[PDB]
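Structural overview for review
This is what each chain is made of:
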Amino acid sequence: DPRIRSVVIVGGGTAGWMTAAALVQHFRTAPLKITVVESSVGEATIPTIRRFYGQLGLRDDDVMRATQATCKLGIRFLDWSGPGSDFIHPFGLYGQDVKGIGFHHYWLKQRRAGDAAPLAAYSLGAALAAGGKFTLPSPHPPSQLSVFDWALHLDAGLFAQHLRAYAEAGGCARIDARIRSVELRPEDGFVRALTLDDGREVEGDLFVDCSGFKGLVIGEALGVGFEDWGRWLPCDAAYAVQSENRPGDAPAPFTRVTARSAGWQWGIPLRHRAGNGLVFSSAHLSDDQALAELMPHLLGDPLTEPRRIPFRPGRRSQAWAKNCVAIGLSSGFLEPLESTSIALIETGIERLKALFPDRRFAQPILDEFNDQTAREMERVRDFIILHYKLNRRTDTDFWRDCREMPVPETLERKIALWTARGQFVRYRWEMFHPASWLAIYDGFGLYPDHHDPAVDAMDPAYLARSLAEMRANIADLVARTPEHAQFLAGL
Amino acid sequence: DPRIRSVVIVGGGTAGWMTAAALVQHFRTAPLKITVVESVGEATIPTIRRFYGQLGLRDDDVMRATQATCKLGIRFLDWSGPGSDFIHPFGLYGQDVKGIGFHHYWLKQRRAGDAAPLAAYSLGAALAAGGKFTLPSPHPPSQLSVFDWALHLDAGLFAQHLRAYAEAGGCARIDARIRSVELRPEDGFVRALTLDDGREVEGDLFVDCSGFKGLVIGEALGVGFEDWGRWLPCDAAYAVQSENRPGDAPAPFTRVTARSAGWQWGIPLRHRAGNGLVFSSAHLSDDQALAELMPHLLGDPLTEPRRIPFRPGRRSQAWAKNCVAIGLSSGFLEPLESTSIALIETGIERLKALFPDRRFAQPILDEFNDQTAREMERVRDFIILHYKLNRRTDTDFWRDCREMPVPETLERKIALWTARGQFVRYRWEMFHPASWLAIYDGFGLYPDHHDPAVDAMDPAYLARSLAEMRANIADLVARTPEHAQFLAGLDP
């Protein structure tokens, strides 16, 4: 029977144990052996992660308790447009669409006629994040204005441990062991087995490489190459360090992303601790200069000294080769500017299930998986690039260069249709939907010349009052919502 | 103010008056002049009910005015050999489970000996086969009760209804032949139309609804044509209206019957029907064509058949300078899957979403041109598939269709379907995965292996869940009124 009989996941962490837990649930009562092989820090996410553990039978409160987690309503971008600049990228839409026309067009008309209200006054998500508030969104919500979503700041290590215990209870084997070698079949070149340090062999029909950046099976064993993207993205290094919260420091329901002289700093709040880091260009900063930016501005008392991490932006040339599928860092890397690492694991897993193979490993299945994965990486790359491309900082060469650097043609087309007409070019496999593009356009102050002319038919007095009603509903709803701290105290 | 001040629509019919009515509603109280300049049974997809929906019109009023009947899908007869019979509905099949598509569970059971057609799990299809009709529920218990519906209608009457709508909102109308198109000297943009009497009709924005010749997009502006006869064999058609015989209840579906070298259509109106044969002249003479068509009409012919040249393909760019082409002026695909009116609708929605100013910014044209091109290609490929998968042995026409090369975009779809039972998704598909499924199943092409999470389920448990679904539909159909009752509530 051509049926896959066994799955061997090479590496634990988030990638390995998310994969194990997801495959355990999906194939719970089927005759499928699943085994992980591994040896004996704060992170952000997007809302997809709540659905991921949702599908496993897990609750938000239980996962949050176990992972030292806090709520994430969006990301806060500080100083990207010059000293004091400040906007929030939320999970939600702005305002209410009318007659099929997007809200932002009516907002632009009114902005043209003198009104100075920020686009963010019409997003409940963003207003809640700025107010240090949190509440669960209503399902079957009164109207479009009250729709927002939310995600987690969490300990990735704890998250990995929680999913491990979940996977093992459903019958996933675990082998604590270093791997000496990967053995290939000499007719096919397919992966036959892993050889452990003690000489045991671990055979499998399907291998998932979660070994990390090195790529032990997809790269070293099978020779799959790497598409380097350093040419598009300047930054090439990072420092990270956990901090301990100081007494009377209420963690905020957002991630802080603060632009510095030659890169940017992150701030990921957990319940009693926080993730901190600086991403930067070594060609503009020494190691001591980097620490001089990072260390005086942490969200708390450092727990250790900073570790350096090499960044190498890009993607594995094919994420699936023969009978190896690469999930997580083994399949590529983009900096955490928009919290996408775990998200790329989630999409990889959903795709593996949607295209799960048999032992013939039919070439069209690999081709489709490889094609989706490639386009999706490129669509996230382009969103990340945009942030640098539209900066308005005058203070260093790093930032001028980012503003004048060439960018992929796919992003040129997006930027060009936005400034010409206020519309969105839509490709396949976008992680980020139109409202997220809008948040970045508006955050960097780039607006179209021409809004949609059906909008100029509306009366400026009538419009002005519909908008003030929206603006007020949000402000007053925010005002009466409890603080983030109260939801955390109930965990 | 760079604002468009005026719009001139060149040609009436469906393309011209759908455009006028849509732009009248969308720009109702704006200072925008709109003018049209001008001098048979058809099918649609459900988008058309939304189109006139957005205008403030009701299904019953439009149906009364257009001699219309209900359309639940299309019925394909004899494409797989004598007696073959399947329906492409507007709906999904069965109930998806645990994120896995219904068709995988159906395939597992089919593997184990059960012979129930995939169509037994579509309410839409079951209602069409049963000669039944009912409005779908607005807030339905589950996926099993969800279907949509469209119209068979008189296109001429539909054009007249929209004309009266457009004129009441302030659209000018000029009855006149056009002598020439005048181009402006710096830009080469269209300045004005010159009429037979010498009047000029000026505009900032021109819409070419002139038909196949392409008076502005083609003749005036020189935009070329991508011919697609290489991919699609048929190159001609005959159409003829028929009068219903007494005691002939029109069916709630379109009939598409394969013949020796092409196919016949049958579009029922309330007291009349559209009929035609699409075919390859390289395999059939004109008299051979009429010998297939004329003995098998849905009634007494109202005239003699007119021939129509078919030339499948698309205008190279649908928008050039300040001319947007809508309808036949932008391209042509045969009505195998009822897409003509649908392509006008998508063109109009796109024009509104990308409505320009007088600078005619190049990125707007480029996006419009790109969307339009891809969408035409996605409809072409769906049409091609129908010929590619035929199982007819009786003529050379049909062997060739089965062995003909097909675009790479379609090769990839067919390859992932047979390998894994999954759908390659491109941008701008008019037809969603369930429609592809209907064609794969109708021509008997199924994957080698279904999704293996499905084999976790017990064959006895599965067999009974499926028989319950199969029965819920059959019993819902059984108690639903006939098509005729809904039509009597529009009529005498």
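**Section: the overall build of chain B**
- Each helix and strand in chain B was counted, giving 15 helices and 23 strands.
- Projecting the C-alpha coordinates of chain B onto the three principal axes gives extents of approximately 80 × 50 × 50 Å.
- Buried residues in chain B amount to 58% of all 492 residues.
- Put simply, chain B shows about 19,900 Å² of open surface, and 50% of that area lies on carbon and sulfur atoms.
- Placing the 55 positive and 61 negative side-chain charges of chain B at their respective mean positions leaves the two points 3 Å apart.

**A few points about the overall build of chain A**
- When helices and strands are counted, chain A shows 15 helices and 23 strands.
- A globule of 491 residues ought to have a C-alpha radius of gyration of about 23 Å, and chain A, at 24 Å, matches this closely.
- Dimensions along the principal axes, computed over C-alpha positions, put chain A at roughly 80 × 50 × 50 Å.
- Buried residues in chain A amount to 57% of all 491 residues.
- Of the roughly 19,900 Å² that chain A leaves accessible, carbon and sulfur atoms contribute 50%.
- Between the centroid of the 55 positive side chains of chain A and the centroid of its 60 negative side chains there is a distance of 3 Å.

**Considering the sheet that holds strand β8 (residues 172-175) of chain B**
Residues and elements named next belong to chain B.
- With mixed pairing, 6 strands are arranged side by side in an open sheet as β8-β2-β1-β12-β22-β21. Each edge of the open sheet is held by one strand with a lone partner, namely β8 and β21 (319-320).
- The sheet contact formed by strand β2 (residues 33-38) and β8 spans 4 bridges and is parallel. Pairing of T35 across the sheet is with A172, part of β8.
- Against the sheet, helix α1 (residues 13-26) contacts β1 (6-10), β2, β8 and β12 (205-208), and its axis sits at roughly 170° relative to β2.

**A look at the packing of helix α2 (residues 47-54) of chain B against helix α9 (residues 340-353) of chain B**
Residues and elements named next belong to chain B.
- Taken N-terminus to C-terminus, the directions of α2 and α9 make an angle of 45°; their axes are 10 Å apart at the nearest point. The angle between α2 and α9 falls in the class oblique. Two packed elements cross with a definite hand, and for α2 against α9 that hand is left-handed. Here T47, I48, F51 and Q54 of α2 come into contact with α9, specifically with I341, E345, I348, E349 and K352.
- Taken together, the residues of the contact of α2 with α9 break down into 4 nonpolar, 2 polar and 3 charged.

**Observations regarding the packing of helix α1 (residues 13-26) of chain A against helix α6 (residues 156-169) of chain A**
All names here are of chain A.
- Closest axis-to-axis distance for the α1/α6 pair is 8 Å, and the angle between their directions is 30°. With respect to α6, the axis of α1 lies roughly parallel. The interaxial crossing formed by α1 with α6 has left-handed handedness. Residues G13, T14, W17, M18, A20, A21, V24 and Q25 of α1 lie in contact with α6, whose contacting residues are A156, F159, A160, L163, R164, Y166, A167 and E168.
- Residue composition of the contact of α1 with α6, by class: 11 nonpolar, 3 polar and 2 charged.

**Digging into the sheet that holds strand β11 (residues 201-203) of chain A**
Residues and elements named next belong to chain A.
- Spatial strand order, β9-β10-β11: 3 strands in an open sheet with antiparallel pairing. Each having just a single partner strand, β9 (179-184) and β11 make up the two edges of the open sheet. Strand-to-strand twist of the sheet, defined as the mean angle between neighbouring strand axes without regard to direction, takes the value 25°.
- Direction of pairing for β9 relative to strand β10 (residues 191-196): antiparallel, over a ladder of 5 bridges. The residue of β10 that forms the bridge with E183 is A193.

**Some points on the side chain of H484 of chain A**
- Considering the arrangement of structural elements, one finds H484 of chain A in helix α15 (residues 484-489).
- In this structure, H484 of chain A is in contact with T70, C71, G132, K133, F134, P251, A252 and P253 of chain A, ignoring residues within four places of it in sequence.

**Structural notes on the pattern of salt bridges**
All names here are of chain A.
- What the rule picks out here adds up to 73 salt bridges over all chains.
- A salt bridge links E168 to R164, with the shortest nitrogen-to-oxygen separation between them at 3.1 Å. With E168 and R164 both in helix α6 and 4 residues apart, the pair spans about one turn of that helix.
- Judged by its relative accessible area of 29%, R164 falls in the partly exposed class.

**A closer look at the nonpolar core**
- Residues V7, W80 and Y388 of chain A together with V7, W79 and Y387 of chain B are the most contacted members of the largest nonpolar core, which totals 288 residues.
- Those residues in contact with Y388 of chain A, other than ones at most four positions away along the chain, are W80, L233, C235, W264, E335, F398, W399, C402 and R403 of chain A.

**Focus: helix α6 (residues 155-168) of chain B**
Residue and element names in this part refer to chain B.
- Under the 1.5 Å per step criterion, the end-to-end length of α6 is 20 Å for 14 residues, consistent within 8% with the ideal 20 Å.
- Those residues of α6 not exposed but buried are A155, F158, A159, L162, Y165 and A166. One side of α6 carries all its buried residues, which in axial view fall inside an arc of 125°. Those residues of α6 that are exposed and angled more than 90 degrees off the buried face are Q160 and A168.
- Of the surrounding secondary structure, the elements contacted by the buried residues of α6 are α1, β3 (41-43), α2, α3 (59-65) and β7 (150-154).
- If you check the start of α6, you find a side-chain oxygen 2.9 Å away from the backbone N of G156, and it comes from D154.
- Remark: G170 follows α6 within two positions and exhibits a positive phi of approximately 105°.

**Considering the interface of chain A and chain B**
- Counting residues at the interface gives 34 residues for chain A and 35 residues for chain B.
- Summing both partners gives a buried area of about 2,700 Å² for chain A against chain B, and 56% of it is carried by carbon and sulfur.
- In this structure, the connection of chain A to chain B is made through 8 salt bridges.
- If you look at where chain A meets chain B, you find 15 residue pairs in polar contact.
- Elements represented by at least two residues in the side of chain A that touches chain B include exactly α9 (341-354), α10 (363-389) and α12 (409-421) of chain A.
- When the residues that make up the side of chain A that touches chain B are grouped by side-chain class, the tally is 17 nonpolar, 4 polar and 13 charged.

**So, the environment of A20 of chain A**
Residues and elements named next belong to chain A.
- With respect to the element layout, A20 can be found in helix α1.
- On the basis of relative accessible area, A20 is assigned to the buried category, the value being 0%.
- Not counting chain neighbours up to four residues away, the residues in contact with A20 comprise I9, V36, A167 and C172.

**A look at the packing of aromatic side chains**
- Using the criterion set out here, one finds 54 aromatic pairs over all chains in the structure.
- Each ring, one from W418 of chain A and one from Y441 of chain A, has its centre 4.6 Å from the other, and the planes form 5°; the classification is stacked. Within this pair, whereas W418 of chain A is found in helix α12, its partner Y441 of chain A is found in helix α13 (residues 434-443), the two being separated by 23 residues in sequence.
- Residue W418 of chain A is classed as buried on the basis of its relative accessible area, which comes to 1%.
- Take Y441 of chain A: its relative accessible area is 2%, and that puts it in the buried class.
- Just above the ring of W436 of chain B sits the side chain of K413 of chain B; from NZ or CZ to the centre is 4.7 Å.

Rules used throughout
- Residues numbered from 1 in each chain as written, not as in the entry; some residues may be left out.
- Chains lettered and ligands numbered in written order.
- Heavy atoms only, no water.
- Helix = DSSP H or I, 4+ residues; strand = E, 2+ residues; numbered from the N terminus.
- Buried < 20%, exposed > 50% of the residue type's maximum accessible area, 1.4 Å probe, protein only.
- Areas by Shrake-Rupley, 256 points an atom, 1.4 Å probe, with all protein chains shown as cover.
- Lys, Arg positive; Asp, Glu negative; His and termini not counted.
- Charge placed at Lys NZ, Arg CZ, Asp CG, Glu CD.
- Rg over C-alpha atoms; globule rule 2.2 N^0.38 Å.
- Pairing = 2+ DSSP bridges.
- Contact = heavy atoms within 4.5 Å.
- Axes fitted to C-alpha atoms, helices over the stretch in contact; angles between N-to-C directions.
- Parallel < 35°, antiparallel > 145°, perpendicular 65-115°, else oblique.
- Left-handed = near helix turned anticlockwise from the far one by under 90°.
- Nonpolar A, V, L, I, M, F, W, Y, C, P; charged D, E, K, R; others polar.
- Salt bridge = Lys/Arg side-chain N within 4 Å of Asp/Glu carboxyl O.
- Core = buried A, V, L, I, M, F, W, Y, C linked by side-chain atoms within 4.5 Å.
- Expected span 1.5 Å × (residues − 1).
- Arc of directions from axis to C-beta.
- Polar contact = N/O pair within 3.5 Å; in protein donor to acceptor, adjacent residues only side chain to side chain.
- Buried area = accessible area lost by both parts, 1.4 Å probe.
- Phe/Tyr/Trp six-rings, centres within 6.5 Å; stacked < 30°, edge-to-face > 60°.
- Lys NZ or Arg CZ within 6 Å of the ring centre and 35° of its normal.

Note that all results are geometric; they support no functional claim without further evidence.
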